[PDB]
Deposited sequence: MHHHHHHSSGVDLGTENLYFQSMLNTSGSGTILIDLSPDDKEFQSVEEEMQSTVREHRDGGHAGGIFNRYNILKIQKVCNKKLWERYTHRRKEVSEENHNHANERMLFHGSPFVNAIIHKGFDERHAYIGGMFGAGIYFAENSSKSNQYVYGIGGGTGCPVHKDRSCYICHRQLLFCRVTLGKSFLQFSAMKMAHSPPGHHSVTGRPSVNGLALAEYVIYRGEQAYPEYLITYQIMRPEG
């Protein structure tokens, strides 16, 4: 049911997605171990993910959440990196896509910082790096991230350095409490609460 529509680099929509990708790169406390050493990306392609069934599954859930939270879905656009990006765009998010060992429990994790999601493209901790060169810092191989529409609803705030949501909440927010430059990360416990709206193909760039 999924079709992928290429965006032109001249399209304002390509440009706004690229800017969110580039402007939310940060340095990571692992010195680049997981995701590689880079300050910016070479964006190769941005595709719109179109699937009627998956979209309707998302909007149905979004209405349920909205109605449980004074008509406020608290919808964000967030990054997701995963070795399962191909399954996600065809079948939707579900429990197979959960980070069982995440710090907020077994749920599906999203990041404000594109570079945080980049650390998961090749697996937890960057796994063994790219398939071809086994390099977590590969500057040659093409990587993919999702830029996703995510319903947070009433989100449980965790100050910090599938399961169920905490009672009375629809998500968890991991607020950074040590690294002053880190942006928030978020967990949902229902696959229906996210839609994989853009598929971004890119390389990390070696700093000069």
request  = Just jot down which stretches of the deposited chain sequence have no CA coordinates, in the order they come.
outcome  = 1 to 29, 191 to 192, 240
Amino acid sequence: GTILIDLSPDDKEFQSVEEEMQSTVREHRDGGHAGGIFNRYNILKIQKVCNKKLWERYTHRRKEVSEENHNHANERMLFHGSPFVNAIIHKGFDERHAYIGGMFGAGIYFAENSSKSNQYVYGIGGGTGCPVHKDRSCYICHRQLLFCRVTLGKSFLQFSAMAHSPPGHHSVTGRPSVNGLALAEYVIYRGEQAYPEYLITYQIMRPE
From here on, numbers count along this sequence of modelled residues.
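Superpose the two forms; the largest set of C-alphas matching within 1.5 Å is the rigid core.
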note = Comparing 74 to 82 with 101 to 109, larger root-mean-square C-alpha distance from this form in 9 other deposited structures of this protein, core superposed, belongs to 101 to 109
task = Kindly name the stretch, out of 168 to 176 and 50 to 58, whose CA atoms are displaced more from this form in 9 other deposited structures of this protein after the core superposition?
result = 168 to 176
ask   = In at least a third of the other entries we lined up, does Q144 end up with no coordinates?
value = no
query = Does a third or more of the other compared entries skip modelling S160?
reply = yes
key: Of 171 to 179 and 143 to 151, the stretch whose C-alpha atoms average the higher B-factor in the entry   = 171 to 179
remark   = When mean C-alpha B-factors in the record are compared for 9 to 17 and 184 to 192, the larger belongs to 9 to 17
inquiry  = Looking at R26, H70, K52, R61, which one carries the largest C-alpha B-factor according to the PDB entry?
reply    = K52
message = Per the entry's values, where does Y120 land by CA temperature factor relative to the rest of its chain, in the lowest, middle or highest third?
response = lowest
remark   = Chain thirds by Cα B factor, record data; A161 belongs to the highest
ask   = What third of the chain, by the recorded C-alpha B-factor, contains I89?
value = middle
note = Of the three thirds of Cα B-factor ranks in this chain, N113 occupies the lowest
key: For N74, the third of its chain into which the C-alpha B factor falls   = lowest
